[PDB]
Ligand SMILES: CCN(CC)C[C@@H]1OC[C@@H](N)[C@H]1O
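First, one chain by itself in structure tokens, the form deposited without the ligand.
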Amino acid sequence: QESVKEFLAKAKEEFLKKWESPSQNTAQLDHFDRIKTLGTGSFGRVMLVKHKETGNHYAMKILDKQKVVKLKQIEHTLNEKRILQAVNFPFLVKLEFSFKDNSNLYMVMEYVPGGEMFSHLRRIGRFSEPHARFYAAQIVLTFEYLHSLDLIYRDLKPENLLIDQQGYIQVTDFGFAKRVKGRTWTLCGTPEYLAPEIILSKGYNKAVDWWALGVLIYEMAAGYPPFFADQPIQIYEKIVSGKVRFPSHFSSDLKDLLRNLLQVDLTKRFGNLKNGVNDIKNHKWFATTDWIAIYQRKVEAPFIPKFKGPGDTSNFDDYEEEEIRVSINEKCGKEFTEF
């Protein structure tokens, strides 16, 4: 379709201009009031904040520089900020400000109050096939966009997909995203979602995102992921085997699509063949999908999250509230010069 080719050509032109001249230092910490911790990790946190002058709410990701250095995440944190400031697509969370101080890196993005897909999936049990298909179509379009820019996402999972006020997906967490022409080698991601070629320490490409989409669709429709175990080594053994059992309630069309996404041989995996994304878009499981209407956000969503307003945190869970310290002395200045 010529309209698709022209769209992706303009998309790449716009990305490259921002990629080659990244924005920096567009706010500071005392421009915001801290409200609540929404998530915590080994080197960072995400906090709901309110901008003092405008009253707007935002999700502020705070990374501790010294912990990023120790856990060998410098390049990944630079990737994340540089990619986020350059992308633009209806299902990607928008970065509004970024800055750094003596202690931390900060990425201030739109706040999506409906909460993580993970919470809704566990609350409901499983999504019906039409419900799963609505979300999957948004991921297919998002990967078509990212891959055309030579980006690999590398962290698809339900906790990274936020549900907005219209019931549509906002992809968050670009911490593992990378611009790759050809192959890349880093071991990263969540065990249940890793493609076989990552587990086997191969040079890998965008096919790993299409494998992860197969895992996600299976998990949405079944309520649990296809490969699971107490120990990661046991998970990896199941993944590298070409074995997957489907629940009897799965449609024949769903099983066929998943056999082609969860294909252990990356040279035979849907998304990585001569016809690229179109082998997925034209598959029978997507026969009812109006791709243009999804992109234009004209389809009624299967559900709308319950929340009271743009500052409501009821769809997120409770964490110990810790200080945001800013050291009197600068830490790791050289390492983060480009941020």
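Throughout, we count residues from 1 along the sequence that is shown. Residues that one form lacks are left out of the comparison. We call the rigid core whatever largest set of C-alpha positions still superposes within 1.5 Å between the two forms.
This protein has a second form, the form deposited with the ligand bound, left out of what is shown; the following refers to that one.
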property: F246: touches the ligand in the deposited bound form, heavy atom cutoff 4.5 angstroms; result: no
property: Contact flag, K157 vs the ligand in the deposited bound form, heavy atom cut 4.5 Å; result: yes
property: 4.5 Å heavy atom contact, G214 to the ligand in the deposited bound form; result: no
property: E80: touches the ligand in the deposited bound form, heavy atom cutoff 4.5 angstroms; result: yes
property: Within 39 to 67, the residues that have a heavy atom no more than 4.5 Å from the ligand in the deposited bound form; result: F43
property: Core-fitted Cα difference of 2 Å or more between the shown form and the other one, single residue among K72, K181, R123, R245; result: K72
property: Closer or farther: C-alpha pair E320/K72 in the deposited bound form, relative to this form, given a change of 3 Å or more; result: farther
property: Closer or farther: C-alpha pair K70/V326 in the deposited bound form, relative to this form, given a change of 3 Å or more; result: farther
property: Regions shifting between the shown form and the other one, defined as 3+ consecutive residues whose CA atoms all move 2 Å or more relative to the core; result: 70 to 72
